[PDB]
Each structure stands twice: as structure tokens, then as C-alpha cells.
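# Chain and residue survey
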Amino acid sequence: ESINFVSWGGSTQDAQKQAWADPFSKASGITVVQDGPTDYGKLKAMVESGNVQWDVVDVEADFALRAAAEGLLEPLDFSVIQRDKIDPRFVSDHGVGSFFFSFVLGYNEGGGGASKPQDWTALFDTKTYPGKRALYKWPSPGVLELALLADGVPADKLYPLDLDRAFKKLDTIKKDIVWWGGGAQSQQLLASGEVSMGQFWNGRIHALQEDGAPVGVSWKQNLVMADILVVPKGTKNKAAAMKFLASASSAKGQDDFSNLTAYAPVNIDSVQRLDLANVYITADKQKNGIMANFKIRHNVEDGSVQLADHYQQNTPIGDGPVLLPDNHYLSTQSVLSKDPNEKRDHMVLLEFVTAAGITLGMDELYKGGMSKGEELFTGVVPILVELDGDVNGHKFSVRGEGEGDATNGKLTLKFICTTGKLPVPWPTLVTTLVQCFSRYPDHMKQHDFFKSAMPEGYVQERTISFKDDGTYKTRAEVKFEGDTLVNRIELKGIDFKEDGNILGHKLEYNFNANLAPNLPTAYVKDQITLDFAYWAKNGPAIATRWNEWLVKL
């Protein structure tokens, strides 16, 4: 027995299959058939005709509301779907958030230079910033609001929309507008340089940064939009369809989806990483350890970003009991400097690390406030790091000494290439060169696998894929040797380009590419949520005036 899931195709649906459908089938025995794309016409004919082939449909948030008003949808079953845990902006009687996302000002940096676009305003300024502007084609939230904002309307006085004014403002660049109707289209428009700046779904700008394109972003006045999961009226698989919503919209479903797309979670219990560099941790029962994943970004000398995609598994060495964590993340700031009296190839590294992503609720913890290995980190511990490495047959070693203070999530080491000139950029080794010195806050101490495995320690295994380049495979053993914490690591690099960004040495000596976050959950101060209800109400009348407006000459 099985269900039909409908979305927009492309990367978005590919990720919904991967993040929800595969673990839903694995977990429940119900099989999920990918059908699509979402057609609103076919949803209606299907519902009225009474024969329904679509069980769960991903639709736009205004559509979801208008549809529910015309009784095209099953009321959701709120004893299956935990309404408590879904951000209010993204649940109704007839729909649950699929994901939320942001419209953002994306710009080409090889279209511009020394002065960087900041606002929606800097978009109606062809004199200061030349080139064509990418805006979204189909009448729906975003473009009108961004026009009004740019003409000086305050965020909180936006609705109802002075449509007259919006069209006044848009006319001022209409000649130079280029219209995108889907994500892929929007990417190629900006990659190609056909357009120099625009309004984009954050995911697509995120995609381009990952692909090494020379594009920047501003989240100033970033406009929140959402997709909703609806169940069409008279599915034949109502109970199973609701189970799927509960799963897609769960904490876990939403983090996994966010991870793949860089769109945002709608579940309040979901870990809520601010940046994909945040080390997302989950448990592996079957191995008695954890696995984790993250993406680091290294600045390239030319102004692009080199992506280093991290997959990780840790398994204890000891027989002893270990803490298997609830899902969470780790946030790290890393600072790279040089000793000016050190003649050898080296890296001085300062590092600060906490756990995060759980956050205590109201009325949880209030009148009583562990692991055995936890107790070895109560003070300052000396650290030793040895690494033997092979990258395209360059054989090199690194020795790092220093100390760690988990009470304050603080690490200070100095690392030396003992073999001569380090054949790869130092920043590409930071993640490889002791998450046991993370500062796990008190309500999260029970989630601290790393310390729990001490002193016998853990094995830490990784694959790091550099975009359009080789990969590192690493295996390390982290454990106490006397009073000293040791990281003993072997590293093998395959498939590197002899004058690509790594072996070519084209990566800046810093970790700054990671300062500006790449996820919407990090820009909530700069956010404007768009009124979906208002569009559900007036969309048809707006759509007429929009459509006429496109056609005028």
C-alpha cells in the first residue's frame, strides 16, 4: 500500500525524495511515488471529479489558503501532526509547512567591484550598478513588496499594496528587467552574466556559491516565503498521507531538507543550524557512535568560494558506556594567524566551540540541576596532534602542540609542517587537525558523546570532498596518553588538480568565507514575512493588474 507525492521537480523535489520519502518508506512500509509537477488546474479537476491520484501536494502558501477556502483539501489530522511544534506562520487547518525560504538580493561580482549592493533600492540604480535585473515572473508574493520597500514604504505599513506605486517604481527599470519563472533559469541568468543582480530564492544563490560562481548576496530586507504540504480532498490514502506530513514536517525531516537545499525548517524542535558549516550531529545506534556532516567554505584568491563537503563518523575505542546524543549541532569560530619569529611552515590556531540546537523549553528544568569521561575536561588539558599525509603522493607530516579548555570551548594550538613546505593550504586541514573540547552547555551534557568515550577514546573517520577537485579520506584516533589528549591521524588525498585551488595554493589564509551565514534562520532580524492571507484574498485581482501590466508597451 502506497502514496503519490507531488512537487516542483528538479533539485527541490530530488531533495524531498531524499530527505523525507526514503526514510518514510524505510520507517513505515508505505512506499512513495514521485509524481509532478504540481499543477493547480489538475488538482482542482481531480478533486471535483472525485478520482484523486495525488495524496500529498507541495503548493505555494497563498495557493494553500485559497484552495482551502474553496474546500479542495482534507482538514489535517492534528493528533498525527504535532501542531504545537510547527511555526504558526506555516500551519493552518488544511496545510503544514514544506519549508520556508527567503527572497534575497543576489548579485554578480564580475559584473561589479568596489561598492557592494545592499538593499532592494540598489536595483533601481542602474547608474551606480549597471546591467539587467532578474525578478520573478509569475504574479505572487515578493516583487511588488520589494518595489514598495525600495520606494520607501516601511515594512510594517506594506499592506494593502499601493499597486499604483509599485508599477510606478517598476516602470523605472522595466526596459532592463529579465524574468525568471523557475530556479534553474534564475541560476543560469546570473552565472551567465545576462543579468548582474536580482531577486532570487536563497537556495539558488546558495547553489551558485557552492558551484564556485563569483556571486554575493545581501539578506537585508529578505522576504520570507513558504510552501505548504496539502492533502487533496478525497485522497484514498488519508491516514497514510497525514503520516507523511507528520514526517516531512518533523524536526528531523526539516533539518535533513534544510541541509540539502539551504532552505529553512518550519519545525520549532528542529536543530536550526544558522550555517551549513555547523557540524550537524546525529546518533548511530547500530555502531554505538555518531555520524556528522557539514560544509566548510574556503575563500579563493580570485574572490570565489571553494567548498569542502564533510562526512564524518565517530565510533568508540572503549567497551565502556557512551552517550548517544539527540540531534544537535556544533558552532565553531576559527582564527588563523602566524608567529612572526617562526621560520617553518606553520599555523597558529585559536578556536571557540559550543554545542547548540536544542534550547530548553519553558517549564523544563527548575529545581535539581553526566559521564565519567566528562570529568577529565574540567580544567586545561595539553593537546598533541600528529598527522601523516599523502595528497597526490606528496608525503607530509604535521605536528601540533597546545592545550584545550572545554569549560570555555577554547583551543589554542600551533602546528608545524615537519616535512618542509606544506603541500596543501593550511585552511584545508583545520577540520582534520578534537570535538571533545566543545563546550556542551548544561542542559545538553547528556548529548556529549566525545567526552563520554574517554579516556580510551574514539576513532574519527571522514571523507572531505572539495568541489571540482580531489577528496581527503582521513582516519584518526583521539584518546588520552598520560595527561595529554592525542589526535593521531592518517590522511590520503586522491584526484587533486596539480594547479587547482588546493595543490595550486590559491586559498586565502583565514576562515572568513564562513563568517557570513548561508541560511535564512540566521537572518531573522532582517526578515520581512509576506502576508499570504492577503494574497489568497486579492491574488486574482492583483494577477489581472500584473498580467495587464507585463503586456503594456
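This text follows the structure it describes.
Here's a quick rundown of the structure.

The rules behind these values
- Residues numbered from 1 in each chain as written, not as in the entry; some residues may be left out.
- Heavy atoms only, no water.
- Residues with missing side-chain atoms left out of burial classes, pairs and counts.
- Buried < 20%, exposed > 50% of the residue type's maximum accessible area, 1.4 Å probe, protein only.
- Helix = DSSP H or I, 4+ residues; strand = E, 2+ residues; numbered from the N terminus.
- Contact = heavy atoms within 4.5 Å.
- Salt bridge = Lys/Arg side-chain N within 4 Å of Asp/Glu carboxyl O.
- Pairing = 2+ DSSP bridges.
- Axes fitted to C-alpha atoms, helices over the stretch in contact; angles between N-to-C directions.
- Arc of directions from axis to C-beta.

### Digging into helix α3 (residues 61–69)
- Here α3 has its buried residues at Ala61, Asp62, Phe63, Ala64, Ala67 and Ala68.
- Contacts made by the buried residues of α3 are with α2 (40–49), β3 (56–60), β9 (215–230) and α11 (532–551).
- Following α3 by one or two positions, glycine 71 adopts a phi angle in the positive range, close to 50°.

### Quick word on the pattern of salt bridges
- For the structure shown, the criterion picks out 24 salt bridges.
- Taking the shortest distance from any N to any O, the salt bridge between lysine 116 and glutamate 109 comes out at 3.4 Å.
- Accessibility expressed as a relative area gives 47% for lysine 116, which makes it partly exposed.
- On the basis of relative accessibility, which here comes to 24%, the residue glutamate 109 falls in the partly exposed class.
- Among the ionic pairs, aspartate 275 bridges to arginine 297, the shortest N-O distance being 3.4 Å. Taken together, the residues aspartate 275 in the loop between α9 (251–261) and β10 (279–284) and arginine 297 in strand β11 (residues 289–299) connect sequence positions 22 residues apart. For the pair formed by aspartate 275 and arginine 297, the shared burial category is buried.
- A cluster of three or more residues bridged by salt bridges with shared partners is formed by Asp339, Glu342, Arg344 and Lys414.

### Topic: the pairing of strand β7 (residues 177–180)
- Residues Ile177 and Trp179 point to one face of β7 and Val178 and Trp180 to the other, with burial holding for every one of them.
- As judged from the four bridges shared by strand β6 (residues 133–136) and β7, these two strands associate in the parallel manner. In the strand pairing of β7, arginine 133 is matched with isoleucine 177.

### Some details on the environment of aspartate 87
- Topologically, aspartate 87 is positioned in the loop between α3 and β4 (91–92).
- For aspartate 87, a relative accessible area of 17% corresponds to the buried category.
- Measuring from C-alpha to C-alpha, the distance between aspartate 87 and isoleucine 268 comes to 6.2 Å, with 181 residues separating the pair along the chain.
- Other than its neighbours up to four places away in sequence, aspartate 87 contacts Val266 and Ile268.

### Topic: unusual backbone geometry
- Backbone torsion omega between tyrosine 159 and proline 160 reads -5°, so that peptide bond is classified as cis.
- On the secondary structure map, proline 160 appears in the loop between α4 (143–150) and α5 (163–171).
- Notably, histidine 505 is not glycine yet its phi reads approximately 60°, a positive angle.
- Turning to its location among the elements, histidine 505 is positioned in the loop between β20 (484–494) and β21 (527–529).

### What to know about the sheet that holds strand β14 (residues 346–356)
- Strand order in the closed barrel formed by eleven strands is β10-β11-β12-β18-β19-β20-β15-β16-β17-β14-β13, and the pairing between neighbours is mixed. The average angle at which neighbouring strand axes cross in this sheet is 20°, direction not considered.
- As judged from the five bridges shared by β10 and β11, these two strands associate in the antiparallel manner. Pairing of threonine 282 across the sheet is with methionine 291, part of β11.

### Brief notes about the side chain of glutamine 13
- Within the secondary structure, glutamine 13 sits in helix α1 (residues 10–28).
- Look at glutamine 13 and you get buried, because its relative accessible area is 9%.
- If near-sequence neighbours (up to four positions away) are discounted, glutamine 13 is found in contact with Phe5, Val6, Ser7, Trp8, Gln34 and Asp35.

### So, helix α6 (residues 183–191)
- Looking at α6, one finds that the buried residues are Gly183, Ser186, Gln187, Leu189 and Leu190. For α6, the buried positions fall inside an angular range of 165° around the axis, keeping them on one side. Opposite the buried face of α6, by more than 90 degrees, sit the exposed residues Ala184 and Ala191.
- Looking at the buried residues of α6, the elements they touch are β5 (95–108), β7, β8 (197–201), α7 (202–210) and β9.
- Backbone geometry just after α6 places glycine 193 at a positive phi near 85°.

In short, the description is geometric, and any link to function would need to be established separately.
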